[PDB]
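Protein chains in written order, with the authors' numbering: chain B, 1 to 164, 174 to 312, 403 to 469; chain A, 1 to 306, 374 to 437; chain D, 1 to 306, 374 to 437; chain C, 1 to 162, 178 to 320, 421 to 484; chain E, 1 to 164, 172 to 314, 414 to 476. Worksheet: one structure, shown below.
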Amino acid sequence: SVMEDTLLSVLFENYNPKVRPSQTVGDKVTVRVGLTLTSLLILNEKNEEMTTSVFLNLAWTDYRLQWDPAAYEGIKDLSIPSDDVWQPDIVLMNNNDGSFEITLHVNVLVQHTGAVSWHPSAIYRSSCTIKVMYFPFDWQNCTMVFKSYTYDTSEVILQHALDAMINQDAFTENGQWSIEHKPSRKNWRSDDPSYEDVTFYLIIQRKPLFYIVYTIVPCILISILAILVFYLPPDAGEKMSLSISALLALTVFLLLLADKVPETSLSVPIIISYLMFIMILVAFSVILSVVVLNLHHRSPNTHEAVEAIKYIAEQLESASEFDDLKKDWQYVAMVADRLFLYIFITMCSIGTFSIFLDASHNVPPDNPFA
Amino acid sequence: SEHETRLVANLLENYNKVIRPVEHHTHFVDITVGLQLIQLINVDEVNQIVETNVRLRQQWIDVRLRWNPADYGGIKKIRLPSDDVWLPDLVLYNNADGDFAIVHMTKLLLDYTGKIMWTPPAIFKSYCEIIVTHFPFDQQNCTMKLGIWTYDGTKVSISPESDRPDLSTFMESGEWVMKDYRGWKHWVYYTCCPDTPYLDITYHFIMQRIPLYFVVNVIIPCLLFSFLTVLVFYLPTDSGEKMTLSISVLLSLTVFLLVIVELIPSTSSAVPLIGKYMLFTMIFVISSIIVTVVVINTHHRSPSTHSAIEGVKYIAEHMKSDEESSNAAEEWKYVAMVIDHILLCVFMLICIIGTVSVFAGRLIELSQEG
Amino acid sequence: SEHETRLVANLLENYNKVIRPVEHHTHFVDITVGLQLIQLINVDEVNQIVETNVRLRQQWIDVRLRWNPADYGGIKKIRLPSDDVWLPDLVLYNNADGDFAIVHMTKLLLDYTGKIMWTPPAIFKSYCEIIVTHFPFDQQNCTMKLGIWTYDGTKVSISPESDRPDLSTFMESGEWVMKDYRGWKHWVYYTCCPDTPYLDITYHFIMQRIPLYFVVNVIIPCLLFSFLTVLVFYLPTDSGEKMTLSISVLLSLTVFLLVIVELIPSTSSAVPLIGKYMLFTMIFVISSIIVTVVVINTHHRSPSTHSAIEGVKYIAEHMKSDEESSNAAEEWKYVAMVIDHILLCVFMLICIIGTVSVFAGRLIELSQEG
Amino acid sequence: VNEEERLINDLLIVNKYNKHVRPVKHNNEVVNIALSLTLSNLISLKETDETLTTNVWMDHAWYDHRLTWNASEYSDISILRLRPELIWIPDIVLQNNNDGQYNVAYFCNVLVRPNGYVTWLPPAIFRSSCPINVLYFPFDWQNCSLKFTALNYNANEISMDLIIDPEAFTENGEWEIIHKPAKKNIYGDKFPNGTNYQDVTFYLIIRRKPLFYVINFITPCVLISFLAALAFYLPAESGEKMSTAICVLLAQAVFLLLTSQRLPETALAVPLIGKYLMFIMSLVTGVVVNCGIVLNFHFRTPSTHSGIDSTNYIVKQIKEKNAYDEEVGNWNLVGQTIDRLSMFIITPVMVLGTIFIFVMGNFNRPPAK
Amino acid sequence: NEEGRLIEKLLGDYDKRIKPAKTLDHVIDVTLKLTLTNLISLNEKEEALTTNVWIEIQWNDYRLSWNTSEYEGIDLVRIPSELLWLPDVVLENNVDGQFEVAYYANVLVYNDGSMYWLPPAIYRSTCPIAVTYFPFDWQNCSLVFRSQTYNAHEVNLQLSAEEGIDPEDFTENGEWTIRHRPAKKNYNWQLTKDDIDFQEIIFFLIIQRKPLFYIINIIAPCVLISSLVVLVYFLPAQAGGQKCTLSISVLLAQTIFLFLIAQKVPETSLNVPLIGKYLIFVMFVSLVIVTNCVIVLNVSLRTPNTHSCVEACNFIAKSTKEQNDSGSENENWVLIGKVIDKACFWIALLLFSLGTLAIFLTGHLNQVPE
């Protein structure tokens, strides 16, 4: 009773819905912003698009809602729909690639002397620079800048919790990636009067090892038929034609591979590294098989009286066997041996190279997890 | 205090939001547009659709918003939310594919005098020419008109604000590149009606396309195929033993050319390139076609290639000799003298066609690169 | 005039729309519903989705709408805005995949008495069985039940009105054809609860599907592939000298149909059918494989066809006689006789299992055709 | 008329009743709220990303003490309707599966009992991120956990107490629903200094995998394998089909490669385990290897891959001489090795082929354990 | 000039949902017209389209002719949507999607009570293009639209030219073309048996398409293909013995290519419309290509196999010569190529005929509808 109807009344009599919990132009209302992440569902590492979900915990004080006996001293804590406070119509300078879901228009926790607690989980369409640099083992970092899209920091100050909180705090276990750390730094670019956005850093690490495995098999298994086509010559010289069949076959195979590679990066591309040199490794088996094909080509051919008849017989046979013996002199196997071992150098050299680069790529550019 | 409540309430009462600050029958409501694309998110030259960042600077005056010491004296310039304002139905003429995004419920600023600005952070859906003339090396100028939508120059007039580039905030992630962009004003009166119609801002986007990755993959299997067909020439004249062997290649390669066709027309369908680009491939690819068919039909062009005891000896020797003849006949079929002709016949052809393909390639690259 | 203001004012005060014209503890609200289907713009047999239009002919009564010379007298039948009506949350039980569209904001039929109807040109997306047994020749009857959503019998009741076909306005551009369409009513009380539950209209769509496009191309490559198989068998007789050639065409054949089955899975899962069907193709074609298995295995089935001066004349003709009986050996295996049994053996067996394929295929359509 | 005008004026739902005020008899323990979960349908499953679109009947109950009516409300009709904005509605949040706001399970018509007890239960088209993990593929196919409850209120403003999942499991799913337990609870946490919001915890333990991919996929293996199997039987019956035998490698090779290509395609659409994916590609490689083996083994050997008297002696010389050539080749033939090859092809096919369904079983036995 | 009082006067009596109908037996005079401006999506196989229509709306309601303070002030007024009778437009046969931006827009009230309004609308529709619209003779797109609310005994729509156009702003990036746009104003009475006519707006659109790009992709390949097979056909006479199988390699290659085509463009017609006539020539000119193609191997399949001590021994050896000669003789009577050579000219003129039959007829199906 103690002026309850009175209080109650006066409050709703004088209280202003559309007003800011501050008095004039000054230090403003110090709103607390801090989100405990739920998990993330889709990383479009290719366009640098980020759809995650977290809690929008906001909290500041409404010294305009401090109650009295019944709602203050009666029930120190009571729930009341928002819709009555300035809400950070927050957009993300890079990210905020789309609207809020479970972000605004939801109830809030209002304390006795005016404290306000609003904890809503939400899904948000963002876009961070995971750029086409989300695959190097050295990976990269990003700028996630949150802030309102009609308000300018003049009638409120934004403030954070931790900066180490981490993003693996609610990292998706469903992620083909991994994370090292999440930096959180408060910002106010001076290119705009409006103090604004906060930059949040993603020192992301995404190592999904699954198909590069059977990709290796081509390179090496194709090599099987490759070393084979380079081995088949002094193995079965008649490989002559069958050889060409091999490369038709070998080339179509690698071209189909050419088919799956562009359409697969089509959703998760970054630096060429792997492709850069396998591209070379490609060109390598490609041309090596084709010049060996020219190795194959280079051969212009390969690619008394009684006794007289006898004598005429003696000369017939012998005469042309030298001729076909000439073909021997012409297609001997010197090259095959020499370049099948130049094949030895080439393929085992260029092989242990990307082997190496790849080797160097996973270990060397790994520690910049920062 | 200072007429506190009397101040605020009076203002609400006699003021109709929907009213347009019409001032006598003349100048119309003078309202100016000023678009600053902060940045672009994505574009589809094929479907000529773009999602872009726009901060619309909208200006106009409402002499009804002028004040005295009890509104301007309170705090010079202040923040009043939109609603109460008459929002020009802005519209991109041949564009407009989408609603202005974040135009709604934003705020504006009123001066001690009245002058108001409405500059809400937009990003929207666009629709501009690309025609099959945008992907050219010689580009096309995206004609984009902007201006008042349902009001005439007698009720209202949209005017421009300034010059500024489109590559000022052009997307570096675009598969295209900018030349220049200009925008000049205009008033459109129609021979239809004797009346004076709306005003408009006309954008002109002059940019040339094609990211270079494409460039390399395609022309190299061509010089690739060039060498196999090059081999298609040299293989036969230096070795007609694997004519059919090459039969294989002819199959494996035009099919390679066939499947490359699925890939690049979808590219074609993925990105609108001026068809006159297509003829490059047309004759080029098709000569691979006319040349083969002749080269290999010719490759193919050849009939079959692609005392008494003493007398016994002479009836027998005579048998060996006319078959001797016969052998020479079929060889008199596959000569190695003109396969050399076709070699230089066409290689000059290829160095002609090729250098002719390089011709227009080089030529308008003498125009584009400029 | 005629109690002008007194008549419309009184009507608004003591009139309510939230309420339903409940009349004592009995038959519920007499709801008369029906389908008036005149267009089926889009449907997918695969996902069993149907976006059609049916004017929702509703018919029921509310005495409160009865009038005298001051509303009936005004103009017999008057049409009132639907708002005043309690609109049922009708919905497709195992369907309802979409909102009804165009029902809101419409006209309502009122009578001097009270009779009322409102046939809304409702268009919506539906969801009913088609399963893999949707498009056979023997059809399936999509069970479509419709009735009040969240209201039980104790408050509202609906009932059929008339029988009307489904083909009355069935799509002549449909990839299907109708046979019959029946709709009877019922009330569903459940063993769960002792209560008397909602009423509903159950439609059953009986119609056979499948254009003949997929059909023409399944069988063409079959007969054509049976031509090459037929060649498969005949060649060893007319050209066994190309058994290897045969091999090539089996790599050919095999890849082609292995690729044919690729199409199937895409198309089949892209357009629904009862698996029992592909079973036909399965063994029939594994039959060409099982048979080429044996036939070419059998085709390759064979070991390798897959004085003293007087003295040497004798060592010599000896040389010749040894080899001659020897060449007789390889021909001893390629007897050119079993080759004719294999094509006839299988020609009959393919003419028979083909006629077998032909059998259930036609039997099933001597069932469908019906 | 029995005080009806007056009484609903007494309740005035919106005006007299505090709809923005939840009748929890003021600050105390809580309003006894109860949630009931019944899945009406499961339309889409995404095993790979642990996401599910499913329909639920959001059966809700709580007593609205200000809702109790009198004769011309209560007894006039011991049951009546009242919209959401005129009925207190729990703010049920799908705790770990509402990362996709609820549809038409929102502000819907509710049921008004006579003595305040109210009943609101409409349909929920929802999306969830259930505990798939890369362990939602072994045969147990995990247990999908979900919690439901009134999000906003705590343990002194709300108490929610507590149906099979296969009750409305979708029959067009590529999986199988084995069980679905239901038990409510309430729980505070470390950073919170007080207990609150009670919830409906419903675990769904399921299983899935086709008996169809097995069909057309192993099918080609014994068919293809017989080719490679015959491959070694065929080197005997007629190894002379050198080039043509070579053709088949190209051909059995191109077949092999994109077969594996279709594999990841459906793979990405499905998080496949490492245990199974290897037996597939391991064994096709077994043939791939032996195709390469086929190569060499099929082309591996170096070669198989007195005057009148004077004259004819010349021929007997040329005779014998190239007879040495002729034979230098059969030296290479290596034919008494033939059977052992295809015998030691049989043995291994038996070894590995068995090793797989041997392993098939050694893991087929323990789950059935 | 009573400016305030007048506004306030009518608003007193101002009636919303009531039509400006003098009385009830002669309806109001409603004017409408549409100027096409965007034909956004042509999915002819499903008969649907999306267009930005200028909905020129006009009618009369002197319920607000004004005085000196509003009529005379300015013979022009722009008053909000929700403030006068509004035609809820829709295309009977087409509009399958509620209008977008076609309503809720500023209307126009001159001074005598003339009302003008014109919102732009992007919406979906379903015009003809039913197993026809792909010819050279075009199916006239007939769209009739009217208010879907009331019927012509109270409402009456007007129109204008029914002779003059759809190509007014027919899109230049359409894969088609328009040649005429007729439009009639009419009453309501359809096949379905509806009475009380509500007038509507008929939209004829007989348009052309088929600007083939795929034509020569189809035309040069087939010639290359025909030649390829004619290679198969004449190349044999030129080709060596190792060519029978040579020819085969081509069949394999020829149809690998073939059904790949069969898979390529069939896709084409499913994503876009369909028609069988043009379809018939291809597959059957294609099946004949295949036919004489396999016929060829069956042709290069046909033929039987081409697919004193001194003297006693001199006697017998002179026999192996004549003996084997009889054998090589075999070859003769077997491979005397009467059938083959003639097979070249067989397909040749047959080629000319298949071609002439087809392109001559394509000449016709372009020339009758020309």
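Ideal Cβ positions, reconstructed from N, Cα and C, are used throughout, including at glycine.
Euclidean distance between Cα positions of residue i and residue j
i        : j        : result
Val303/E : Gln473/E : 35 Å
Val405/D : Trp399/D : 12 Å
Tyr127/D : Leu92/D  : 8 Å
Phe136/E : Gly461/E : 20 Å
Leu410/A : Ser302/A : 17 Å
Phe170/A : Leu86/E  : 43 Å
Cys127/E : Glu175/D : 18 Å
Proximity winner among the options, relative to residue i (alpha-carbon distances)
i        : options                                   : result
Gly113/E : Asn52/E, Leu456/E, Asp29/E and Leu471/E   : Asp29/E
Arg164/D : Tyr151/D, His27/D, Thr202/D and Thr154/D  : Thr202/D
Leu90/A  : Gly437/A, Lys145/A, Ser82/A and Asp166/A  : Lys145/A
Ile38/A  : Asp201/B, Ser121/B and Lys426/B           : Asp201/B
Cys130/C : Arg22/C, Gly307/C, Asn97/C and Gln101/C   : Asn97/C
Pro475/E : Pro273/E, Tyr103/E, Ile214/E and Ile255/E : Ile214/E
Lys115/D : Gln139/D, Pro21/D, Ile220/D and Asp138/D  : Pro21/D
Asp30/A  : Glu432/A, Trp86/A, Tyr234/A and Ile382/A  : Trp86/A
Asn141/B : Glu48/B, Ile90/B and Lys147/B             : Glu48/B
Cβ distance (whole Å) where residue i is taken to contact residue j below 8 Å
i        : j        : result
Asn141/A : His204/A : 5 Å
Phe225/D : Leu258/D : The pair is not a contact, with the Cβ atoms about 11 Å apart (cut-off 8 Å).
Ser193/B : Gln214/B : At roughly 19 Å, the Cβ-Cβ gap does not stay under 8 Å, so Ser193/B and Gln214/B are not in contact.
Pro90/C  : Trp57/C  : Between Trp57/C and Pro90/C the Cβ distance is about 15 Å, and since that is not below 8 Å, they are no contact.
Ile123/B : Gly100/C : 7 Å
Exercise. Is it true that the region 290-307 of chain C meets the region 211-231 of chain B, where meeting means three or more beta-carbon pairs spaced less than 8 Å apart?
Worked result: In short, these stretches touch, since the Cβ pair count reaches three.
For this session: Evaluate contact between the region 90-103 of chain A and the region 234-254 of chain A, counting only Cβ atoms and requiring at least three cross-stretch pairs below 8 Å.
Result: no
Exercise. Does the count of Cβ pairs from the region 251-259 of chain B and the region 230-238 of chain B closer than 8 Å reach three?
Worked result: By the Cβ rule, the region 251-259 of chain B counts as touching the region 230-238 of chain B, because three or more pairs are nearer than 8 Å.
Exercise. Just by C-beta distance, which residues in the region 180-194 of chain B are closer than 9 Å to chain C?
Worked result: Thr181, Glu182 and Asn183
Problem set entry | Segment contact, 8 Å Cβ cut-off, at least three pairs: the region 225-245 of chain E with the region 100-112 of chain E | no
Exercise. Going along the region 188-217 of chain A in order, which residues come within less than 7 Å of chain B, judged by CB to CB distance?
Worked result: Across the region 188-217 of chain A, no CB contact with chain B closer than 7 Å is found for any residue.
Exercise. Is it true that the region 1-12 of chain B meets the region 83-103 of chain B, where meeting means three or more beta-carbon pairs spaced less than 8 Å apart?
Worked result: no
Exercise. When Cβ atoms are compared, which residues of the region 61-90 of chain B fall closer than 9 Å to chain C?
Worked result: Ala70, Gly74, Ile75, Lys76, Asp77, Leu78, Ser79, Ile80 and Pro81
For this session: For the region 20-38 of chain A and the region 56-64 of chain A, state whether three or more C-beta atom pairs, one from each stretch, are separated by less than 8 Å.
Result: yes
Problem set entry | Inter-stretch contact at 8 Å, needing at least 3 Cβ pairs: the region 205-215 of chain A / the region 172-182 of chain A | With a cut-off of 8 Å, the region 172-182 of chain A and the region 205-215 of chain A count as touching, because enough Cβ pairs lie within range.
Problem set entry | Residues in the region 27-46 of chain B having any Cβ partner in chain C nearer than 7 Å | Flagged, chain order: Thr38, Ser39 and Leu41.
For this session: Can you give me, in chain order, the residues of the region 76-104 of chain E that have a beta carbon less than 7 Å from any beta carbon in chain A?
Result: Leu76, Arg78 and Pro80
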